[PDB]
Amino acid sequence: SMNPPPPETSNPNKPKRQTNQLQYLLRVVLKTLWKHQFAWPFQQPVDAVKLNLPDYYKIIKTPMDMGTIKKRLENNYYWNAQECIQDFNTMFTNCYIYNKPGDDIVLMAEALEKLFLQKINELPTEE
Ligand SMILES: COc1cc2c(cc1-c1c(C)noc1C)ncc1[nH]c(=O)n([C@H](C)c3ccccn3)c12
């Protein structure tokens, strides 16, 4: 089984803007999650070939990872902070769907999600 192409991280036809919330998502939320000791499996797309998971992309149809989210933020791909937050949620949800409760990767995702939610709770009001 082949890996799909990674999610799109740039599109020159999409409009671009800077907002304080998007800045916070990059400078605070992503920065904090990236350095967490359990972040490493979430820092790039799931390579189902190398991990030998032939059913991964049969089960997960909307893949997402923090490497892709990082690239989207740096490319000004997101217009709304909500789009970025949705991508984080998709990343966590995908992990919980593919894997089983109590699995190592699930416990790792749960730790990251807790931290994510703590940082999103301090998302500044739109300027
Ligand atoms: C056991 O799950 C993974 C293990 C990964 C991974 C992605 C996943 C993963 C994620 C994330 N969501 O579904 C899967 C499957 N990406 C890279 C990577 N490098 C790497 O060595 N792993 C192993 C197998 C690992 C790490 C942590 C916990 C359990 N197993 C992994």
# chains A, B, ... in the order shown; residues from 1 in each chain; ligands from 1
call {"tool": "residues_near_ligand", "arguments": {"ligand": "ligand 1", "cutoff": "7 Å", "atoms": "only C-alpha atoms and all ligand atoms", "output": "short mmCIF file (atom, residue, chain, number, x, y, z; two decimals) with C-alpha atoms, in the first residue's frame"}}
result
data_model
loop_
_atom_site.label_atom_id
_atom_site.label_comp_id
_atom_site.auth_asym_id
_atom_site.auth_seq_id
_atom_site.Cartn_x
_atom_site.Cartn_y
_atom_site.Cartn_z
CA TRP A 40 7.71 13.23 18.11
CA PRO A 41 5.29 10.69 16.51
CA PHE A 42 2.94 13.60 15.69
CA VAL A 46 1.94 8.89 9.49
CA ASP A 47 4.20 6.92 7.15
CA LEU A 51 5.42 1.70 9.97
CA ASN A 94 -7.55 10.21 14.02
CA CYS A 95 -5.19 8.75 16.63
CA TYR A 98 -7.15 4.10 14.47
CA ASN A 99 -5.76 2.93 17.82
CA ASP A 104 0.91 3.86 24.07
CA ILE A 105 0.26 6.31 21.21
#
call {"tool": "residues_around", "arguments": {"residues": "residue 5 in chain A", "least_positions_apart": "5", "cutoff": "12 Å", "atoms": "only C-alpha atoms", "output": "ChimeraX atom specification"}}
result
/A:45-48,57,61-64,68
call {"tool": "write_last_selection", "arguments": {"atoms": "N, CA and C atoms", "output": "tab-separated table (two decimals), in the first residue's frame"}}
result
chain	number	residue	atom	x	y	z
A	45	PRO	N	3.55	13.46	8.89
A	45	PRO	CA	2.50	12.53	8.50
A	45	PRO	C	2.82	11.08	8.89
A	46	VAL	N	1.79	10.32	9.23
A	46	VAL	CA	1.94	8.89	9.49
A	46	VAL	C	2.45	8.23	8.21
A	47	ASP	N	3.65	7.67	8.27
A	47	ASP	CA	4.20	6.92	7.15
A	47	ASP	C	3.79	5.46	7.31
A	48	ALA	N	2.68	5.10	6.67
A	48	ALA	CA	2.10	3.77	6.80
A	48	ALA	C	2.95	2.70	6.13
A	57	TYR	N	-4.52	4.10	6.02
A	57	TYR	CA	-5.21	5.01	5.10
A	57	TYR	C	-6.49	4.40	4.49
A	61	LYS	N	-9.18	8.78	6.57
A	61	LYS	CA	-9.36	9.43	5.27
A	61	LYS	C	-9.01	10.92	5.29
A	62	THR	N	-8.88	11.51	6.48
A	62	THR	CA	-8.50	12.91	6.63
A	62	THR	C	-7.28	13.00	7.54
A	63	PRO	N	-6.10	12.58	7.05
A	63	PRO	CA	-4.93	12.58	7.92
A	63	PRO	C	-4.46	13.99	8.27
A	64	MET	N	-3.84	14.12	9.43
A	64	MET	CA	-3.29	15.39	9.87
A	64	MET	C	-2.20	15.17	10.91
A	68	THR	N	2.50	19.27	9.28
A	68	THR	CA	1.60	19.88	8.31
A	68	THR	C	0.98	21.17	8.85
call {"tool": "residues_around", "arguments": {"residues": "residue 25 in chain A", "least_positions_apart": "6", "cutoff": "12 Å", "atoms": "only C-alpha atoms", "output": "number ranges by chain"}}
result
A: 18-19, 31-34, 66, 69-70, 72-74, 76, 78, 80-88, 116-117, 119-124
call {"tool": "write_last_selection", "arguments": {"atoms": "C-alpha atoms", "output": "PDB file, in the first residue's frame"}}
result
ATOM      1  CA  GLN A  18      -2.285  37.878   9.825  1.00  0.00           C
ATOM      2  CA  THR A  19      -4.344  37.751  13.022  1.00  0.00           C
ATOM      3  CA  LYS A  31       5.714  25.843  19.978  1.00  0.00           C
ATOM      4  CA  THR A  32       4.642  24.367  23.332  1.00  0.00           C
ATOM      5  CA  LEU A  33       3.253  21.110  21.897  1.00  0.00           C
ATOM      6  CA  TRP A  34       6.243  20.576  19.585  1.00  0.00           C
ATOM      7  CA  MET A  66       1.779  18.865  13.540  1.00  0.00           C
ATOM      8  CA  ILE A  69      -0.055  22.318  10.751  1.00  0.00           C
ATOM      9  CA  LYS A  70       3.316  24.089  11.218  1.00  0.00           C
ATOM     10  CA  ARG A  72       0.179  25.729   7.063  1.00  0.00           C
ATOM     11  CA  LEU A  73       0.788  28.404   9.722  1.00  0.00           C
ATOM     12  CA  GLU A  74       4.126  29.445   8.182  1.00  0.00           C
ATOM     13  CA  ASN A  76      -0.432  31.743   5.981  1.00  0.00           C
ATOM     14  CA  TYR A  78      -5.282  29.452   7.469  1.00  0.00           C
ATOM     15  CA  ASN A  80      -9.434  31.475  10.552  1.00  0.00           C
ATOM     16  CA  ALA A  81      -7.877  30.302  13.829  1.00  0.00           C
ATOM     17  CA  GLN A  82     -10.739  27.761  13.914  1.00  0.00           C
ATOM     18  CA  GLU A  83      -9.295  26.025  10.817  1.00  0.00           C
ATOM     19  CA  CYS A  84      -6.037  25.411  12.678  1.00  0.00           C
ATOM     20  CA  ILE A  85      -7.831  24.252  15.830  1.00  0.00           C
ATOM     21  CA  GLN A  86      -9.865  21.848  13.665  1.00  0.00           C
ATOM     22  CA  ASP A  87      -6.626  20.384  12.254  1.00  0.00           C
ATOM     23  CA  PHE A  88      -5.296  19.752  15.785  1.00  0.00           C
ATOM     24  CA  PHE A 116      -3.422  21.786  23.701  1.00  0.00           C
ATOM     25  CA  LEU A 117      -6.737  22.451  25.478  1.00  0.00           C
ATOM     26  CA  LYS A 119      -3.321  26.640  25.671  1.00  0.00           C
ATOM     27  CA  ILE A 120      -6.522  27.081  23.624  1.00  0.00           C
ATOM     28  CA  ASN A 121      -8.332  28.130  26.825  1.00  0.00           C
ATOM     29  CA  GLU A 122      -5.933  31.109  26.890  1.00  0.00           C
ATOM     30  CA  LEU A 123      -6.466  32.017  23.207  1.00  0.00           C
ATOM     31  CA  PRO A 124      -6.571  35.825  23.123  1.00  0.00           C
TER      32      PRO A 124
END
call {"tool": "residues_around", "arguments": {"residues": "residue 38 in chain A", "least_positions_apart": "4", "cutoff": "8 Å", "atoms": "only C-alpha atoms", "output": "list in words"}}
result
residues 108, 109, 111 and 112 of chain A
call {"tool": "decode", "arguments": {"residues": "range 75-112 of chain A", "atoms": "N, CA and C atoms", "output": "CSV table (one decimal), in the first residue's frame"}}
result
chain,number,residue,atom,x,y,z
A,75,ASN,N,3.0,29.2,6.0
A,75,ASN,CA,2.5,29.6,4.7
A,75,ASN,C,1.3,30.6,4.7
A,76,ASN,N,0.8,30.9,5.9
A,76,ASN,CA,-0.4,31.7,6.0
A,76,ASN,C,-1.6,31.1,5.3
A,77,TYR,N,-1.7,29.7,5.4
A,77,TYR,CA,-2.7,28.9,4.7
A,77,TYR,C,-4.0,29.1,5.4
A,78,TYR,N,-4.0,29.3,6.7
A,78,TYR,CA,-5.3,29.5,7.5
A,78,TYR,C,-5.7,30.9,7.5
A,79,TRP,N,-7.0,31.1,7.2
A,79,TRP,CA,-7.7,32.4,7.3
A,79,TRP,C,-8.3,32.6,8.7
A,80,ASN,N,-8.8,31.5,9.2
A,80,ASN,CA,-9.4,31.5,10.6
A,80,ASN,C,-8.6,30.6,11.5
A,81,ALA,N,-8.5,31.1,12.8
A,81,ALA,CA,-7.9,30.3,13.8
A,81,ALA,C,-8.6,29.0,14.0
A,82,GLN,N,-9.9,29.0,13.8
A,82,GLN,CA,-10.7,27.8,13.9
A,82,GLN,C,-10.3,26.7,13.0
A,83,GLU,N,-9.8,27.0,11.8
A,83,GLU,CA,-9.3,26.0,10.8
A,83,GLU,C,-8.1,25.3,11.4
A,84,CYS,N,-7.2,26.0,12.1
A,84,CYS,CA,-6.0,25.4,12.7
A,84,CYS,C,-6.4,24.5,13.8
A,85,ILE,N,-7.3,25.0,14.7
A,85,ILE,CA,-7.8,24.3,15.8
A,85,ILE,C,-8.5,23.0,15.3
A,86,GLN,N,-9.2,23.0,14.2
A,86,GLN,CA,-9.9,21.8,13.7
A,86,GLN,C,-8.8,20.8,13.3
A,87,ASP,N,-7.7,21.3,12.7
A,87,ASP,CA,-6.6,20.4,12.3
A,87,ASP,C,-6.0,19.7,13.5
A,88,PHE,N,-5.8,20.4,14.5
A,88,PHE,CA,-5.3,19.8,15.8
A,88,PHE,C,-6.3,18.7,16.2
A,89,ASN,N,-7.6,19.0,16.3
A,89,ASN,CA,-8.6,18.1,16.7
A,89,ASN,C,-8.7,16.9,15.8
A,90,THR,N,-8.5,17.1,14.5
A,90,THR,CA,-8.5,16.0,13.5
A,90,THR,C,-7.3,15.0,13.8
A,91,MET,N,-6.2,15.6,14.1
A,91,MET,CA,-5.0,14.9,14.5
A,91,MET,C,-5.2,14.0,15.7
A,92,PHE,N,-5.8,14.5,16.7
A,92,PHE,CA,-6.0,13.7,17.9
A,92,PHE,C,-7.1,12.7,17.7
A,93,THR,N,-8.2,13.1,17.1
A,93,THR,CA,-9.3,12.2,16.8
A,93,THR,C,-8.9,11.0,15.9
A,94,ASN,N,-8.1,11.3,14.9
A,94,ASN,CA,-7.6,10.2,14.0
A,94,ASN,C,-6.8,9.2,14.8
A,95,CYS,N,-6.0,9.6,15.8
A,95,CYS,CA,-5.2,8.8,16.6
A,95,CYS,C,-6.1,7.9,17.5
A,96,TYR,N,-7.1,8.5,18.0
A,96,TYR,CA,-8.1,7.7,18.9
A,96,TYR,C,-8.9,6.7,18.0
A,97,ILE,N,-9.2,7.1,16.8
A,97,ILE,CA,-10.0,6.2,15.9
A,97,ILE,C,-9.2,5.0,15.5
A,98,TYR,N,-7.9,5.2,15.0
A,98,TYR,CA,-7.1,4.1,14.5
A,98,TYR,C,-6.7,3.1,15.6
A,99,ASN,N,-6.3,3.7,16.7
A,99,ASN,CA,-5.8,2.9,17.8
A,99,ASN,C,-6.8,2.6,18.9
A,100,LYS,N,-6.4,1.9,19.9
A,100,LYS,CA,-7.3,1.5,21.0
A,100,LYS,C,-7.1,2.2,22.3
A,101,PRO,N,-8.2,2.3,23.1
A,101,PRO,CA,-8.0,3.0,24.4
A,101,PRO,C,-6.8,2.3,25.2
A,102,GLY,N,-6.0,3.1,25.8
A,102,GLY,CA,-4.9,2.6,26.6
A,102,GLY,C,-3.6,2.3,25.8
A,103,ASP,N,-3.7,2.3,24.5
A,103,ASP,CA,-2.5,2.1,23.7
A,103,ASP,C,-1.4,3.2,24.0
A,104,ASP,N,-0.2,2.9,23.8
A,104,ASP,CA,0.9,3.9,24.1
A,104,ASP,C,0.7,5.2,23.3
A,105,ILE,N,0.4,5.1,22.0
A,105,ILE,CA,0.3,6.3,21.2
A,105,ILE,C,-1.0,7.1,21.6
A,106,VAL,N,-2.0,6.4,22.1
A,106,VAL,CA,-3.2,7.1,22.6
A,106,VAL,C,-3.0,7.9,23.9
A,107,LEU,N,-2.2,7.3,24.8
A,107,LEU,CA,-1.8,7.9,26.0
A,107,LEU,C,-1.0,9.2,25.7
A,108,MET,N,-0.1,9.0,24.7
A,108,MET,CA,0.8,10.1,24.3
A,108,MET,C,-0.1,11.3,23.7
A,109,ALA,N,-1.0,10.9,22.8
A,109,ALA,CA,-1.9,11.9,22.3
A,109,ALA,C,-2.8,12.6,23.3
A,110,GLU,N,-3.2,11.8,24.3
A,110,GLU,CA,-4.0,12.4,25.4
A,110,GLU,C,-3.3,13.5,26.2
A,111,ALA,N,-2.0,13.2,26.5
A,111,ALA,CA,-1.1,14.2,27.1
A,111,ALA,C,-1.0,15.4,26.3
A,112,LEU,N,-0.8,15.3,25.0
A,112,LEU,CA,-0.6,16.4,24.1
A,112,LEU,C,-2.0,17.2,24.0
